[PDB]
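Novice: Here you go, one structure.
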Amino acid sequence: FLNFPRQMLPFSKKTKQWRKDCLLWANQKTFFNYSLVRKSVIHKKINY
Amino acid sequence: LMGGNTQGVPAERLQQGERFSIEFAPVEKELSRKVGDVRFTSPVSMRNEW
Amino acid sequence: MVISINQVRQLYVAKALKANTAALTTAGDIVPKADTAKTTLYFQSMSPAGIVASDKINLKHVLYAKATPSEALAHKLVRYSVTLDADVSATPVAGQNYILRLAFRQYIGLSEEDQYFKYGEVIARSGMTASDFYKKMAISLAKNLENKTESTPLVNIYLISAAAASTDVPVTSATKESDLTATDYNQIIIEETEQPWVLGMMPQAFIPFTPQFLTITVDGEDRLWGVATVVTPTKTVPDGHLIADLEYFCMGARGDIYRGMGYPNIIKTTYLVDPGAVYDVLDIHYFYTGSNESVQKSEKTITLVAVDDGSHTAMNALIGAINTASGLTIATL
Amino acid sequence: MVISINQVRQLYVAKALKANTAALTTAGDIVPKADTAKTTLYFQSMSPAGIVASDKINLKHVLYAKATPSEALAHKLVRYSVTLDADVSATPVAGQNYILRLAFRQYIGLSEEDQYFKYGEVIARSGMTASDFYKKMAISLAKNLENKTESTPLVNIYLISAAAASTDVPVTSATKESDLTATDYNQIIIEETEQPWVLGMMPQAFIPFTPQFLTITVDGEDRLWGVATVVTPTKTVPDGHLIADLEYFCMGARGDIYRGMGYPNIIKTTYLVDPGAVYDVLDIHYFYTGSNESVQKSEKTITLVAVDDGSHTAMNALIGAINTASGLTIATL
Amino acid sequence: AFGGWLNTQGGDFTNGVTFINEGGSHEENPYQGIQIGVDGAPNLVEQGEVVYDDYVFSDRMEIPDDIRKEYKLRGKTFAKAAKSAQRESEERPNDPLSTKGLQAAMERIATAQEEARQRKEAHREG
Amino acid sequence: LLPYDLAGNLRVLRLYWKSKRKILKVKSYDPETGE
Amino acid sequence: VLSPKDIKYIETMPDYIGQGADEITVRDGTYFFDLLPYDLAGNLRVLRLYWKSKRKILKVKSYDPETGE
Amino acid sequence: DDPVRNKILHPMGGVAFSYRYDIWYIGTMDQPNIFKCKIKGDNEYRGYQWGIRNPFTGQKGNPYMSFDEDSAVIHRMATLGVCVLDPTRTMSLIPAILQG
């Protein structure tokens with residue numbers, strides 16, 4: 001994979017491995033966000 | 001020289017008084033680096049009285 | 001370059017001649033073999049990946065065998081010697097606009113309905129002589145034609161000094177009139193040039209031309225100012241770009257017809273003709289007639305090329321090896 | 001072939017040294033140009049379609065400039081001395097099957113998981129001497145490996161007699177028992193072979209192997225049969241096919257990036273390296289710094305290649321020409 | 001579905017003109033039309049005709065020049081002349097002036113088509 | 001990275017995303033009225 | 001109102017970024033390295049322009065049929 | 001038996017690592033003897049520095065530039081180890097031609 005797997009698909013091509021390739025991407029490339037209206041996690045953890 | 005010149009520019013084209021003018025600033029397609037600049041100007045004032 | 005065949009035409013490069021089948025060691029060698037009864041002729045040649053034979057030429061069924069030298073396949077570049085027309089005025093009259101129009105005719109596209117017209121312009125002065133005319137004229141033709149920013153060269157412009165009378169004065173766009181210090185000019189020679197050449201994809205062709213003149217008013221009569229005659233040619237295009245295109249086509253009869261098409265998935269044939277050398281060509285035309293009712297002939301030919309340096313030492317050895325092996329009467333050029 | 005680059009690599013072929021730009025006449029010429037203030041080094045090289053220069057090397061920004069001989073880029077075809085292990089039996093044991101396994105490792109694909117296994121076999125008999133054994137197994141190893149119908153050349157297999165002990169007699173699929181007439185054979189030499197090479201599409205890559213023996217019973221014990229020791233190689237492939245592929249890659253940096261993709265429609269680049277000669281390599285590796293807070297290095301390299309004639313005269317003239325114009329301590333090899 | 005409608009901003013806005021397409025002619029359809037209404041019970045329309053205020057502009061007819069210079073039509077057909085009088089109002093269906101400009105122009109082509117029907121009936125019966 | 005905890009727990013990653021789906025807007029003339 | 005060409009532009013876009021404040025890495029396990037159409041969060045520049053154009057209209061004087069007004 | 005990493009061949013054919021006998025688990029231990037030590041929280045830092053374009057994330061136009069060249073480098077790094085609590089609960093048998 002490169003990005004999130006192609007969402008502009010017909011419904012029949014959203015097979016068992018297309019959904020798993022989407023979910024395996026969230027396992028790997030979803031830890032670092034430039035959130036626009038949230039603080040950092042290390043900033044919030046210090047507050048608690 | 002840029003435009004494919006493999007014979008050279010004559011010595012008459014490199015004299016005193018010859019004005020030179022900017023066209024553009026080309027780079028590669030691959031691993032490009034910074035070129036070019038931007039020019040400005042200033043206004044002067046005039047005067048009258050009563 | 002796609003050429004015409006009566007039927008199939010095979011080209012074999014004779015870069016070296018040996019006398020035995022076990023002597024072929026380098027790519028390009030050839031031997032003419034036959035029987036002792038003179039009933040067949042064939043050439044065993046060394047391809048870069050093995051020894052190859054030719055077809056078996058029946059020595060009762062040869063039609064013609066002629067050898068062509070290198071100077072017969074050299075394209076003579078035509079020249080047009082432009083002079084001022086003597087009956088109009090041998091000197092330029094003051095105040096008239098002297099325009100010459102070069103009429104090209106196969107500018108792109110074979111038809112003559114694709115044309116191209118390049119111009120040269122001179123307005124004469126009161127003190128302009130005839131020798132000062134051709135200086136200002138050829139400086140204007142090479143200004144329009146031989147600009148470096150063009151696609152291709154079309155013709156070459158040459159001045160002639162009558163003191164030398166045989167040595168061209170070449171005029172390009174980078175020359176001024178300060179370089180042309182001669183005061184005795186008698187003509188302008190316009191000569192066509194060699195077009196580019198990419199083997200198989202672009203054949204060797206040329207753009208012909210004929211200069212035409214516009215009328216000037218000398219004495220109330222709108223007469224054309226000049227005359228353009230064709231002198232004998234002195235520059236010739238070599239034979240190298242014609243024989244490399246002749247091997248490239250006839251290496252699809254022995255080899256593969258799919259040249260380069262699906263680019264990683266091809267076979268490439270290696271060509272043994274250097275396009276920077278002149279060549280001599282040997283053509284053996286023959287046929288095949290079968291036994292009983294297949295009496296129709298398959299009129300086919302085998303071409304052999306051998307590089308020559310001035311005196312044709314290699315082709316006269318190639319002709320000399322065949323006539324002692326086959327029994328032909330091929331002319332030694 | 002495709003190589004690794006340190007952000008660029010561009011190659012120039014040094015076919016001549018002309019000492020100025022006005023003497024560049026034939027294709028492939030080289031002048032190393034620099035000024036009096038030794039700050040810029042560049043190479044006005046005559047391409048087949050005009051004069052072209054390189055990127056201008058700042059001589060305060062060179063990193064290494066090392067020239068390599070042509071003996072340092074020759075792949076030595078490894079050999080193996082296959083003999084009888086005298087510990088098991090000095091003579092062939094008269095009832096056993098004597099089998100030797102060759103375990104090839106790059107097969108038709110690169111990884112060491114693509115393998116290929118070939119075998120040689122001799123039934124040993126009573127009264128068969130060791131020289132009658134190596135005469136019988138080098139034939140059986142040649143009939144499987146030096147065959148005419150295999151897909152790719154795998155190994156070259158020789159015999160070594162005890163009298164000469166330096167020259168190798170080649171054994172192939174056509175050699176009979178009567179051709180190898182000697183009674184003092186003491187080893188079987190298994191040598192690598194140069195694989196076929198195609199310009200730009202099929203790189204120079206080799207097939208390694210390991211001669212492994214099979215177990216033959218002696219006094220009940222299943223003792224491994226032989227010993228194979230890596231003797232020093234005596235045949236090397238030349239540098240002709242690495243530099244011929246090296247001009248094919250680095251011409252795409254200065255020119256068209258694709259090579260034949262769509263063949264009515266390509267820009268045919270003319271190459272200057274003969275693939276049948278050995279060549280020296282000179283690599284000037286440098287960079288480009290600015291004057292800012294963003295300064296550091298865009299790393300580059302320029303490869304110059306001159307022909308090797310045995311004592312490296314055409315390369316050392318280039319090094320002797322760069323050393324005076326630029327003032328670098330490039331070691332004359 | 002683009003026929004006289006402005007499907008923008010999640011909403012479906014019409015100017016009143018119904019571009020009755022996708023069916024075919026009267027004789028090509030199984031039903032012989034689109035059967036837009038049963039209100040005459042077989043109220044049958046074809047692929048070319050357009051409807052404004054339950055009035056059908058026919059695509060079979062043509063525009064005579066005597067009623068082209070008067071009533072000021074632009075198209076070659078009465079359907080194509082009603083398809084050009086609605087070009088301004090098809091992009092601004094909530095405009096007060098354009099819904100006045102559309103209602104005024106549709107009554108003209110109504111009086112242009114009805115004059116063509118009576119002059120044809122006088123020609124055939126005469 | 002780590003499927004387990006040191007209290008013997010299981011890392012359960014719920015992901016929710018907005019995929020794109022193809023729908024068709026159909027314009028149907030009703031047979032009774034014309035609306 | 002979006003065409004399927006215009007959905008293909010929306011689909012091919014940034015949707016992941018990477019760590020942020022040769023890179024020297026500091027802070028141990030939490031390693032820290034030391035008018036444009038996307039937002040480095042996976043967003044799209046919706047620029048919307050509202051403007052008052054000019055429209056040619058007509059004021060028309062007509063007469064009521066029943067009374068002459 | 002992987003011949004890409006295992007390069008020494010055995011005299012009886014095959015790679016030399018094939019003839020190595022390993023008894024990983026001897027009895028039960030009431031806790032994992034062999035386990036893969038991973039740091040809690042150390043997800044691998046996917047890290048790109050780039051210039052005006054980013055070919056990986058697909059970003060045209062960069063507000064914060066690291067430098068001025070058309071480049072995009074990936075830097076990823078992982079802190080990792082393993083632990084064998086009782087190496088006496090594990091008996092191995094290695095060929096000596098691997099030279100220890």
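Within each chain, counting starts at residue 1; across the structure tokens, chains are named A, B, ... in the order shown, with ligands numbered 1 upward in that order.
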Could you pull out all residues of chain A with a DSSP call of alpha helix (DSSP H) and give them as a list in words?
Specialist: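 Put together, the selection reads residues 16, 17, 18, 19, 20, 21, 22, 23, 24, 25, 26, 41, 42, 43, 44, 45, 46 and 47 of chain A.
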Novice: When the cut-off is 6 Å and we count only C-alpha atoms, which residues of chain G are near chain A, given as number ranges by chain?
Specialist: G: 18-19, 41
Novice: Would you mind exporting the chosen residues as a PDB file, in the first residue's frame, restricted to C-alpha atoms?
Specialist:
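selection27.pdb, freshly written:
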ATOM      1  CA  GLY G  18       4.672  11.719   9.675  1.00  0.00           C
ATOM      2  CA  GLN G  19       6.548  12.858  12.842  1.00  0.00           C
ATOM      3  CA  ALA G  41      -3.834  17.091   7.589  1.00  0.00           C
TER       4      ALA G  41
END
Novice: Can you pull out the residues contacting residue H:35? Cut-off 8 Å, using only C-alpha atoms, and skip same-chain residues under 2 positions away; I want them as a list in words.
Specialist: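 Within the cut-off, the hits are residues 32, 33, 37, 82, 83 and 84 of chain H.
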Novice: Would you export the selected residues with C-alpha atoms as an mmCIF file, in the first residue's frame, please?
Specialist:
data_model
loop_
_atom_site.group_PDB
_atom_site.id
_atom_site.type_symbol
_atom_site.label_atom_id
_atom_site.label_comp_id
_atom_site.auth_asym_id
_atom_site.auth_seq_id
_atom_site.Cartn_x
_atom_site.Cartn_y
_atom_site.Cartn_z
ATOM 1 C CA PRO H 32 7.333 -17.356 28.903
ATOM 2 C CA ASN H 33 10.968 -18.405 28.648
ATOM 3 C CA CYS H 37 11.098 -7.442 24.143
ATOM 4 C CA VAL H 82 14.710 -10.181 22.833
ATOM 5 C CA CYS H 83 15.136 -12.037 26.110
ATOM 6 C CA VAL H 84 15.595 -15.699 27.012
#
Novice: Return as an MDAnalysis selection string the full set of residues in stretch 33-172 of chain D whose backbone-based DSSP assignment is strand (DSSP E).
Specialist: chainID D and resid 33:34 40:47 50:52 57:58 62:68 76:77 81:84 97:104 116:123 155:161 169:170
Novice: I'd like the contact shell of residue B:31 - 8 Å cut-off, only C-alpha atoms, skipping same-chain residues fewer than 5 positions apart - returned as a ChimeraX atom specification.
Specialist: /H:69-71
Novice: Determine, for each residue of chain D having at least one atom at most 7 Å from an atom of chain H, the closest pair of atoms and their separation in Å to one decimal, counting only C-alpha atoms; order by chain and ascending number, as JSON lines.
Specialist:
{"residue": "D:112", "atom": "CA", "partner": "H:4", "partner_atom": "CA", "distance": 5.3}
{"residue": "D:113", "atom": "CA", "partner": "H:3", "partner_atom": "CA", "distance": 6.3}
{"residue": "D:212", "atom": "CA", "partner": "H:13", "partner_atom": "CA", "distance": 6.9}
{"residue": "D:294", "atom": "CA", "partner": "H:67", "partner_atom": "CA", "distance": 6.7}
Novice: Can those selected residues be exported to a file as an mmCIF file, in the first residue's frame so that it contains C-alpha atoms?
Specialist:
data_model
loop_
_atom_site.group_PDB
_atom_site.id
_atom_site.type_symbol
_atom_site.label_atom_id
_atom_site.label_comp_id
_atom_site.auth_asym_id
_atom_site.auth_seq_id
_atom_site.Cartn_x
_atom_site.Cartn_y
_atom_site.Cartn_z
ATOM 1 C CA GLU D 112 20.507 -17.768 -4.236
ATOM 2 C CA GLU D 113 17.133 -19.538 -3.973
ATOM 3 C CA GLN D 212 29.647 -31.718 -4.313
ATOM 4 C CA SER D 294 21.192 26.448 3.348
#
Novice: Hey, can you check how far atom CA of residue B:10 sits from atom CA of residue D:24?
Specialist: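 It comes out at 19.8 Å.
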